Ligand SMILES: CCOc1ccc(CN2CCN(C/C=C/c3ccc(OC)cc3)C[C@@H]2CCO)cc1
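In the block that follows, a single chain appears as structure tokens, in the form deposited without this ligand.
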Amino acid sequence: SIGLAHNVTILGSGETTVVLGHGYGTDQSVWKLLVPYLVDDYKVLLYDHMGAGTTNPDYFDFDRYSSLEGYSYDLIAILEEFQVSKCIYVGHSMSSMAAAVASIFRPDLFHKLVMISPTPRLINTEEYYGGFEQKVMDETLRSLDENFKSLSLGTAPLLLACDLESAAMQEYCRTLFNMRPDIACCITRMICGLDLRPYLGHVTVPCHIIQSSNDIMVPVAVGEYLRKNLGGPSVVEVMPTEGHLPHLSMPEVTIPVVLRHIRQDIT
């Protein structure tokens, strides 16, 4: 079943469904602190995207998941399965982008997108600053296979902007190292080879862009780039936080901000 394949979990109660999609390297446990503030007012559907360590290795389609819309279609099929309509989708990173793609194909499924640290493209060109020059990326991606575990131990503290001691780091490495490394590099290569700017103007569902003020994967200006180039209504909140997973690493700031954009609409 598609519910069994994605460890779908249903909680809370209400007329509106909140759908929580985790980002790269985590799984739905990453929301454990946010959920209890939702169950009273919304029904909550949580799920694991394919290739998370908690999903079957044999069900990972290498060519299907080397492109973002493999997840978009997976997401659509989950909502259809569980009969969710006009949900409030809360995603992190890639997850929020896959949902924005899914909202292009099936905008009836989405009331609004609450996106934590999204980016439509990591690699720079001359006129758009994404945070990474093509030469650093290509050199890292070329040799990413052999240096996998050491590159991610060494970059996780800077990605998360947290200490090695911290609970957040302990948990992120737990789930990140729960993936098979060949699945992980595939997903990594998909994420790093991404450029969704041609598509932004086609997204029409309301978009709530939530960002750290210092995120090595998300220049603050990329935030404002999205509000300008998105096709429908849009807001931006640059939080006084640091790191790419601020919902995991700074929940004391992040969760109040997330809940407001869940509960309040631009429109």
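Throughout, we count residues from 1 along the sequence that is shown.
As for the form solved in complex with this ligand, it is not shown, yet the points below apply to it.
Only one segment in the set 99-107, 80-88, 163-171, 118-126 has residues whose heavy atoms sit within 4.5 Å of this ligand in the entry with it bound; it is 118-126. In the entry with it bound, at least one heavy atom of residue 137 sits within 4.5 Å of a heavy atom of this ligand.
At a distance threshold of 4.5 angstroms between non-hydrogen atoms, residue 151 is in contact with this ligand in the entry with it bound.
Residue contact check for residue 192: one or more of its heavy atoms lie within 4.5 Å of this ligand in the entry with it bound.
Contact check for residue 244: a non-hydrogen atom falls within 4.5 Å of this ligand in the entry with it bound. For the three residues 158, 213 and 249, a heavy atom within 4.5 Å of this ligand turns up in the entry with it bound in no case. This chain lacks the partner; the member of 217, 45, 200, 34 within 4.5 angstroms of this ligand in the entry with it bound by a non-hydrogen atom is 217.
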